[PDB]
Amino acid sequence: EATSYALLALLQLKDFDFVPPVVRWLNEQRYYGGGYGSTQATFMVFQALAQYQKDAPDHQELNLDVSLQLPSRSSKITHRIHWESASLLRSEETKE
Amino acid sequence: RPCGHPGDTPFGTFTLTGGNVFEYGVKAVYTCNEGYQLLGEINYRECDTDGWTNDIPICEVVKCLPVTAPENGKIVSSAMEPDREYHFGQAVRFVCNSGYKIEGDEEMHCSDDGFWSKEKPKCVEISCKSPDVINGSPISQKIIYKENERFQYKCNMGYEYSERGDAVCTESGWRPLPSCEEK
Amino acid sequence: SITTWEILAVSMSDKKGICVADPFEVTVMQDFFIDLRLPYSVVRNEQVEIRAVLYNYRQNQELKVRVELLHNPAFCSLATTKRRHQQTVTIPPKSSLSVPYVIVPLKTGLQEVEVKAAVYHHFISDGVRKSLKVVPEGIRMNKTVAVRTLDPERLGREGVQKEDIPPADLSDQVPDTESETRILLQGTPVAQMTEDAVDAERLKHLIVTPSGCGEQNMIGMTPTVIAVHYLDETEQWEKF
Amino acid sequence: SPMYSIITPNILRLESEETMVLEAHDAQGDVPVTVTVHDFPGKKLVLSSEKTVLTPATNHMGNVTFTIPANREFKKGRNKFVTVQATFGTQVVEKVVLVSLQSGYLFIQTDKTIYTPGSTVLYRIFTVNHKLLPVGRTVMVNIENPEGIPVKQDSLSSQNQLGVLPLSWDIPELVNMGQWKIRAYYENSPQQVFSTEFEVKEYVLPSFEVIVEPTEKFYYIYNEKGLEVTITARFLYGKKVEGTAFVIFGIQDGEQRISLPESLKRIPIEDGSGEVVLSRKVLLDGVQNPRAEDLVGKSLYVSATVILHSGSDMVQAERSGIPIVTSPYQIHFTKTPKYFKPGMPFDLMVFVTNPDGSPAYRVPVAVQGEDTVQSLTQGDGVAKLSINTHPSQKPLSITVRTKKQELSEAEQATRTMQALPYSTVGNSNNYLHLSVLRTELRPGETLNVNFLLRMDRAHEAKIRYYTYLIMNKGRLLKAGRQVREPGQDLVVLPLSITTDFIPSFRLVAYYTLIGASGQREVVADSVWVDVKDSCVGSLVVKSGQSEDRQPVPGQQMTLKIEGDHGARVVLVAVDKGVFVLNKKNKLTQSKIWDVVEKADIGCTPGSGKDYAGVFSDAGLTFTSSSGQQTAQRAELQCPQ
Amino acid sequence: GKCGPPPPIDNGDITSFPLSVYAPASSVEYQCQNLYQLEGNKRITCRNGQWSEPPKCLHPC
Ligand SMILES: *[C@@H]1O[C@H](CO)[C@@H](O[C@@H]2O[C@H](CO)[C@@H](O[C@@H]3O[C@H](CO[C@@H]4O[C@H](CO)[C@@H](O)[C@H](O)[C@@H]4O)[C@@H](O)[C@H](O[C@@H]4O[C@H](CO)[C@@H](O)[C@H](O)[C@@H]4O)[C@@H]3O)[C@H](O)[C@H]2NC(C)=O)[C@H](O)[C@H]1NC(C)=O
Ligand SMILES: *[C@@H]1O[C@H](CO)[C@@H](O[C@@H]2O[C@H](CO)[C@@H](O)[C@H](O)[C@H]2NC(C)=O)[C@H](O)[C@H]1NC(C)=O
Ligand SMILES: [Ca+2]
């Protein structure tokens, strides 16, 4: 119960660098609630995990801007590397 | 004296005028495909005593002026290069930021007239009015609600709540519609 | 072209939907024609032989035919600007004849070969004008000039990362015969930060009917309420 | 006593019109019905909300047509479900239905099958829904190199294009050869990705075609004559070919090819035809195994190189996949229901094929022990065998053999199947059997549906009507009632077959009553009926001129195109030389109907183990207010 | 299933004032004009969203 309260506190302070160790230990206990006087320990552990899967953040932001900057004036190739098109092969040719 | 085949241009067909075989005195007028404009004034080819007339016409696809992301909004569609000529067919989508709801057309594509199919929408703050619950009366006294604000209501005599008994203000509107069922 | 064309049709109606018609074949032919068999490509300055095969498909009528190879400054043959390359052959009925021409491609790129023919005593002529690719003597090669890791937030200064790419070796490069360097950008995704959800089966026992008095009722209501709240968030009603 | 029941497809699709049939059996007066579809489990939005009234004039049977918008609310990823809530008066009947992400169909047509570096690929994407009707949506297109890396994305619109989307992609001069791919998917359904390939290669047209055609479509392992092969070479314009052919044979084992150098032959091609025989002795000597039985299961491939006497063109062609077999046929029970009704005639759809997989025409088949039950395969290689089942709970085991005369018993094909008894509600022995004469059905005819009832006579008068439903392309096409008089065991339903039944439809009919221990009982039965694959309308391209007039290079010609009024027709003319080089990924009508049938929600030829299995296996969810309902379906894909 | 407005008859009307929707088991009575004779049951009842049979008025001479 105490560790569940603390996890709910880390989910409010946005300290996502300390959350993975806590959650992993909670899963290792295999405590599934229920039983004689499980009320608090059942409510809090599942409330904290439900809040952990809610505040769950998707993927590390990918947004690369790669510009070929050549001293001679011509046409300029700009590139927006986004998450949705990360695998897109962006080829740029230069004859010299 | 026959001329040769006047050749095909990309994205364009031709019809013969004044005859039916590529012979002396025929005209081969060209017309581009749907979404492609007849670039230039050279639109025909006449089989003369030496050959066809000047040039072979060129078809080019019409393009749309790029659109920027609206105030408090983003453009989450199309592809690759930003602020490049969007040509006939390419579609685009708008998605407002968290806390802003779309007010207009959500999508649009590059039309034939070099313009966009629909107009550029706006991103307006999420706002929910006080719902008029049928066979019931509200509990809360607030009229204007921001996002995620809850709206408490009760059902009149002879009625009771259906599923959810309150309403939450989200971007698309109230998520739980205030409804009252028979007892 | 002297071949058979396959015309394919697909119709789309508002009330009838999609329909792919059966292929309609249309064969195109002539009584007399030239089949100019050109290779896909040839090496610059290398002597090659091409064949122009003249076909006469008349049942019982022989043809006295004259065949000519047009002069082209981009190729080398006996055909010059002053003299022509003619030969007067006789093609028997229902038969064919092969005329060999020896040429030497002089300049690279899409060059053109044109062979014409006309028969004596008849209003029957044909011409064939085809193109072939002339390719530099050397062999297509590519060198991996650079492979650099892009990471501005980690390897870059003030948020920008500048990579300097050295010029390619190009030591055995054929004079001129230009090169093309490809700069290939791709993204490196991550997506990992989520803890394994509690198995849905291990929660089957938390659905309990509440009973008892003011305090025991809540003891029975807690596991059921909290179970639905968890299964709703993790979306595990499929396995449950 | 009154029972409210709803039926909805096993899986519900987005942006597609779905029907729901509502019944209130043993009811009087008007019954107000309001159907609402909500998301699962939160019910944040009301996806649909329609109303109807069940009046005695309509026999208390109505339908609700609704189209669920592809809302931005649905999240690989977890599977999504919806809650279907039907309200009849006070009573409410709810069912949780699975949702498929497929928005409809996308078909890609490239002008050619193979392309040279530098040329432009012209392709059209046809955008339709599950009814194959043109729609206007946003489609994402990905160009993919043989390595697998996408090299060009795009997002276009199908609106105001009549369901046809003309696109092009330029091939660079410097490019990697091999099999390229186009990948398109609807914007709303990024999980349903349709693909087409095209080869990129440096080539020249061969100007003629070489055909390697074996005498038989297989090779009998004990045939001393060996594999005799006829070579047929002809120019692309029709005329025959004189030349010389180099023919060589090989044995293929899975993906390991072993050439037989001793079998190499040089034969004259005279009058466009030649013959070369692979002797059995050379075949056995070529392989390092004296036991010929081991060659069974392997295949043979033939490679022929024809050179013209002029020496100006050369064509290599190959014919592989010639199975070395011990039987000319192969029996499959993939079209015969695996459940029977004890005491009622059991129908079997035997599927006899040639070793190469093609249907086999006029093949005698019979059941072991029942020489009387001997049928003949039709044009599609499907035969019908009706047997008489005894009233029993014993597993019905059937063994079908081919009885092709003039063929020895060692070469006759054999296959064994088993069917299980249709378990009834409370062992009441109440069965329903729908039978249909198995024959190629065509649009514009009428099929007599025979409703045959078997049950005790103690409750036979209560059954006054049957409820029949039709499933086509994965959606409810038609529902209705069939009046039945007390005493009649068999009634005939004149079902009018129109173009909306292509390519096939399932007919699942059921009746309900209150019998035995005053329990509400439902008995169902379903049958799968195939229809002659064809277009919904028609489209023919023929000569629009005199066939004395011969086509000449450059000559104008008239093309007669006859099709449906208002239809937009897209054309393409391809040189047959292309197909001599590559004839794969060609858009045909048979392939379109193939895709449609693979997205079907039904998983069985017919019937089921119980009354719920009939609905579930036929792609339907039944849910009554009394509690009789089908089990949930959580699998987008059918069970293996 | 509630009922709707009661059906009108010839040479007669309802004794009360009509409502838009009637709860189940509701009932309204009928009445003919003067010198007309009512035949049948003067009361109709809302059953299964449908009123029962309305009476008829007999024409005098
Ligand atoms: C869901 O439930 C509805 C209930 O209406 C069903 O709709 C029935 O579907 C029939 C398809 O077989 C249709 O019958 C057709 O009606 C044609 C007339 O067109 C109507 O035009 C009006 C415009 O005022 C529209 O509202 C209607 O929807 C129709 O489009 C007829 O020419 C034709 O035939 C008729 O029916 C019988 C056939 O034997 C004749 O005897 C009769 O005299 C009449 O000519 C054609 O069959 C029609 O839409 C409708 N019919 C009836 C009787 O309700 C849906 O099919 C149901 N959907 C599912 C999936 O079950
Ligand atoms: C250059 O591109 C080619 C594309 O085909 C790469 O592929 C190999 O190509 C060579 C011939 O150029 C052959 O050995 C094989 O077809 C391929 N080899 C392998 C191991 O895949 C080639 O690797 C590229 N070279 C460089 C230096 O990037
Ligand atoms: Ca079929």
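How do the pairs read when you match residues in the range D:591-610 that are outside the structural domain of D:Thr334 (by CATH) and more than 16 Å from ligand 1 (Cβ to nearest atom) with residues anywhere that are of a type in the set (A, V, I, L, M) and not in a loop (DSSP other than H, G, I, E, B), using Cβ under 6 Å and keeping only pairs 6 or more apart or on different chains?
So the pair list comes out as D:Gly606/D:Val527; D:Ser607/D:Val614; D:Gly608/D:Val614.
Out of D:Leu122, D:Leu162, report the one residue that is part of a loop (DSSP other than H, G, I, E, B), hydrophobic (A, V, I, L, M, F, W, C) and more than 16 Å from ligand 2 (Cβ to nearest atom).
Details: D:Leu122 fails: part of a loop (DSSP other than H, G, I, E, B).
So the residue among D:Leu122, D:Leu162 that is part of a loop (DSSP other than H, G, I, E, B), hydrophobic (A, V, I, L, M, F, W, C) and more than 16 Å from ligand 2 (Cβ to nearest atom) is D:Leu162.
For the range C:140-161, which positions are within 16 Å of ligand 2 (Cβ to nearest atom) and either within 20 Å of A:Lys95 (Cβ to Cβ) or touching a helix residue (DSSP H, G or I) at 6+ places or on another chain (Cβ under 9 Å) (or both)? Before the answer, list the steps.
Keep residues of the range C:140-161 that are within 16 Å of ligand 2 (Cβ to nearest atom), which gives C:140-148.
C:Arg140, C:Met141, C:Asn142, C:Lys143, C:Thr144, C:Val145, C:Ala146 - these are the residues of the range C:140-161 that are within 16 Å of ligand 2 (Cβ to nearest atom) and either within 20 Å of A:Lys95 (Cβ to Cβ) or touching a helix residue (DSSP H, G or I) at 6+ places or on another chain (Cβ under 9 Å) (or both).
Here are some residues: B:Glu107, B:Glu149, B:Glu119, B:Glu163. Which one is exposed (fewer than 13 other Cβ atoms within 10 Å of the Cβ), within 29 Å of D:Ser49 (Cβ to Cβ) and among the acidic types (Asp, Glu)? If you could, list the steps in order and put the result at the bottom.
Numbers: B:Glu107 fails: exposed (fewer than 13 other Cβ atoms within 10 Å of the Cβ); B:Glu149 fails: exposed (fewer than 13 other Cβ atoms within 10 Å of the Cβ); B:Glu119 fails: within 29 Å of D:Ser49 (Cβ to Cβ).
None of the others qualify; the one that does is B:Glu163.
Just to check your reading of the model, which residue among C:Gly214, C:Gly220 is out of contact with any helix residue (DSSP H, G or I) (no Cβ under 9 Å at 6 or more places or on another chain), over 25 Å from D:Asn79 (Cβ atoms) and surrounded by 14 or more Cβ atoms within 10 Å (Cβ to Cβ)? Steps first, answer last, please.
On the way: C:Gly214 fails: surrounded by 14 or more Cβ atoms within 10 Å (Cβ to Cβ).
Just one listed residue meets the conditions, C:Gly220.
Kindly check whether there is at least one residue in the range C:162-175 that is more than 16 Å from ligand 2 (Cβ to nearest atom), of a type in the set (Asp, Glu) and more than 30 Å from C:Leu78 (Cβ to Cβ).
Within the range C:162-175 (the criterion being more than 16 Å from ligand 2 (Cβ to nearest atom), of a type in the set (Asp, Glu) and more than 30 Å from C:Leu78 (Cβ to Cβ)), the answer is yes, since at least one residue qualifies.
From the list B:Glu71, B:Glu34, B:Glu81, B:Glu41, exactly one residue is in contact with an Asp or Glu (Cβ under 9 Å, 6 or more places away or on another chain), part of a loop (DSSP other than H, G, I, E, B) and of a type in the set (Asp, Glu). Which is it? Show your work before the answer.
Values: B:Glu71 fails: in contact with an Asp or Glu (Cβ under 9 Å, 6 or more places away or on another chain); B:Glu81 fails: in contact with an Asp or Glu (Cβ under 9 Å, 6 or more places away or on another chain); B:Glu41 fails: in contact with an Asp or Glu (Cβ under 9 Å, 6 or more places away or on another chain).
Criteria check complete, one pass: B:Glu34.
Residue-wise test of (1) part of a helix (DSSP H, G or I); (2) exposed (fewer than 13 other Cβ atoms within 10 Å of the Cβ); (3) among the basic types (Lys, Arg); (4) in contact with an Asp or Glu (Cβ under 8 Å, 6 or more places away or on another chain).
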position: C:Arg140; (1), (2), (3), (4): no, yes, yes, no
position: C:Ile165; (1), (2), (3), (4): no, yes, no, no
position: C:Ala168; (1), (2), (3), (4): no, no, no, no
position: C:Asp172; (1), (2), (3), (4): no, yes, no, no
position: C:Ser179; (1), (2), (3), (4): no, no, no, no
position: C:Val190; (1), (2), (3), (4): no, yes, no, no
position: C:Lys204; (1), (2), (3), (4): yes, yes, yes, no
position: C:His229; (1), (2), (3), (4): yes, no, no, no
position: C:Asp232; (1), (2), (3), (4): yes, no, no, no
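For the range D:180-195, what are the residues that are assigned to a strand (DSSP E or B) and either surrounded by fewer than 16 Cβ atoms within 10 Å (Cβ to Cβ) or within 14 Å of chain C (Cβ to nearest Cβ) (or both)?
In the first step, residues of the range D:180-195 are kept if they are assigned to a strand (DSSP E or B); the result is D:180-186, D:193-195.
D:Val193, D:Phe194, D:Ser195 - these are the residues of the range D:180-195 that are assigned to a strand (DSSP E or B) and either surrounded by fewer than 16 Cβ atoms within 10 Å (Cβ to Cβ) or within 14 Å of chain C (Cβ to nearest Cβ) (or both).
If only one of D:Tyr105, D:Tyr115 is touching an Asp or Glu at 6+ places or on another chain (Cβ under 8 Å) and on the phi < 0 side of the Ramachandran plot, which one is it?
Only one candidate qualifies: D:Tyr115.
Scan the range D:472-498 for residues that are away from ligand 1 (no atom under 14 Å from the Cβ), part of a strand (DSSP E or B) and out of contact with any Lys or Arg (no Cβ under 8 Å at 6 or more places or on another chain) and jot them down.
So the first thing to find is which residues in the range D:472-498 are away from ligand 1 (no atom under 14 Å from the Cβ), and the list is D:482-492.
Filter once more, so that each one left must be part of a strand (DSSP E or B): D:482-483, D:490-492.
Across the range D:472-498, the qualifying residues are D:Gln482, D:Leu490, D:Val492.
Listed residues D:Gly250, D:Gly321, D:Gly243; which is among the small types (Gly, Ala, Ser), in contact with an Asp or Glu (Cβ under 8 Å, 6 or more places away or on another chain) and not assigned by CATH to the domain that holds D:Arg415?
Numbers: D:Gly250 fails: in contact with an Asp or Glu (Cβ under 8 Å, 6 or more places away or on another chain); D:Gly243 fails: in contact with an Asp or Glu (Cβ under 8 Å, 6 or more places away or on another chain).
Only one candidate passes the filter, namely D:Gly321.
Quick grid of which residues meet (1) of a type in the set (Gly, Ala, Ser); (2) under 27 Å from the mean Cα position of the chain (by Cα); (3) within 30 Å of D:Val241 (Cα to Cα); (4) within 16 Å of ligand 1 (Cβ to nearest atom):
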{"position": "C:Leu97", "(1), (2), (3), (4)": "no, no, yes, no"}
{"position": "C:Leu110", "(1), (2), (3), (4)": "no, yes, no, no"}
{"position": "C:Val135", "(1), (2), (3), (4)": "no, yes, no, no"}
{"position": "C:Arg140", "(1), (2), (3), (4)": "no, yes, no, no"}
{"position": "C:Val145", "(1), (2), (3), (4)": "no, yes, no, no"}
{"position": "C:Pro152", "(1), (2), (3), (4)": "no, no, no, no"}
{"position": "C:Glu163", "(1), (2), (3), (4)": "no, no, no, no"}
{"position": "C:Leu184", "(1), (2), (3), (4)": "no, yes, no, no"}
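Can you pull out the residues in the range D:121-176 that are touching a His at 6+ places or on another chain (Cβ under 8 Å) and among the polar types (S, T, N, Q)? Before you say what the answer is, go through the steps one by one.
The first filter runs over the range D:121-176 and keeps only residues touching a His at 6+ places or on another chain (Cβ under 8 Å), leaving D:138, D:156-157, D:159.
Once the filter is applied, which keeps residues that are touching a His at 6+ places or on another chain (Cβ under 8 Å) and among the polar types (S, T, N, Q), the range D:121-176 yields D:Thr138, D:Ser157, D:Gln159.
Test D:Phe501 against the stated conditions and say whether it is within 14 Å of chain C (Cβ to nearest Cβ), within 13 Å of ligand 1 (Cβ to nearest atom) and buried (at least 20 other Cβ atoms within 10 Å of the Cβ). Lay out the reasoning, then the answer.
Numbers: within 14 Å of chain C (Cβ to nearest Cβ): yes; within 13 Å of ligand 1 (Cβ to nearest atom): yes; buried (at least 20 other Cβ atoms within 10 Å of the Cβ): yes.
In short, yes.
Which one of A:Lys54, A:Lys14 is of a type in the set (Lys, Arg) and either more than 26 Å from C:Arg202 (Cβ to Cβ) or buried (at least 17 other Cβ atoms within 10 Å of the Cβ) (or both)? Walk me through how you get there before you give the answer.
Numbers: A:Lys54 fails: either more than 26 Å from C:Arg202 (Cβ to Cβ) or buried (at least 17 other Cβ atoms within 10 Å of the Cβ) (or both).
Answer to the selection: A:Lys14.
Per-residue answers, yes or no, for (1) away from ligand 3 (no atom under 16 Å from the Cβ); (2) not polar (S, T, N, Q):
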site: D:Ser423; (1), (2): yes, no
site: D:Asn427; (1), (2): yes, no
site: D:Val436; (1), (2): no, yes
site: D:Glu440; (1), (2): no, yes
site: D:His459; (1), (2): yes, yes
site: D:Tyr466; (1), (2): yes, yes
site: D:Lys478; (1), (2): yes, yes
site: D:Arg484; (1), (2): yes, yes
site: D:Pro494; (1), (2): yes, yes
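Can you spot a residue in the range B:10-19 that is among the aliphatic types (A, V, I, L, M) and assigned to a loop (DSSP other than H, G, I, E, B)? Walk me through how you get there before you give the answer.
First pass over the range B:10-19, keeping only residues among the aliphatic types (A, V, I, L, M): B:16.
With assigned to a loop (DSSP other than H, G, I, E, B) added as a condition, the list becomes none.
Scanning the range B:10-19, I find no residue that is among the aliphatic types (A, V, I, L, M) and assigned to a loop (DSSP other than H, G, I, E, B), so the answer is no.
Would you say D:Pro261 is surrounded by fewer than 17 Cβ atoms within 10 Å (Cβ to Cβ), away from chain C (no Cβ under 14 Å) and in a loop (DSSP other than H, G, I, E, B)?
no
What tally of residues in the range D:38-72 results from selecting those that are within 35 Å of the chain's Cα centre (by Cα) and within 13 Å of chain C (Cβ to nearest Cβ)?
Residues flagged as within 35 Å of the chain's Cα centre (by Cα) and within 13 Å of chain C (Cβ to nearest Cβ) within the range D:38-72 amount to 3.
Which count do you get for residues in the range C:26-77 that are within 28 Å of C:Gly109 (Cα to Cα), crowded, with 16+ Cβ neighbours inside 10 Å, touching a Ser or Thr at 6+ places or on another chain (Cβ under 9 Å) and within 12 Å of chain D (Cβ to nearest Cβ)?
Residues that pass the stated criteria total 8.
How many residues, within the range D:111-142, are within 13 Å of chain B (Cβ to nearest Cβ), surrounded by 18 or more Cβ atoms within 10 Å (Cβ to Cβ) and hydrophobic (A, V, I, L, M, F, W, C)?
Total meeting the criteria: 5.
Cβ atoms come from the backbone with ideal geometry, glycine included; neighbour counts cover every protein chain shown. The values are calculated or read from the model by the stated rules, or taken from the named source; no laboratory read-out is quoted.
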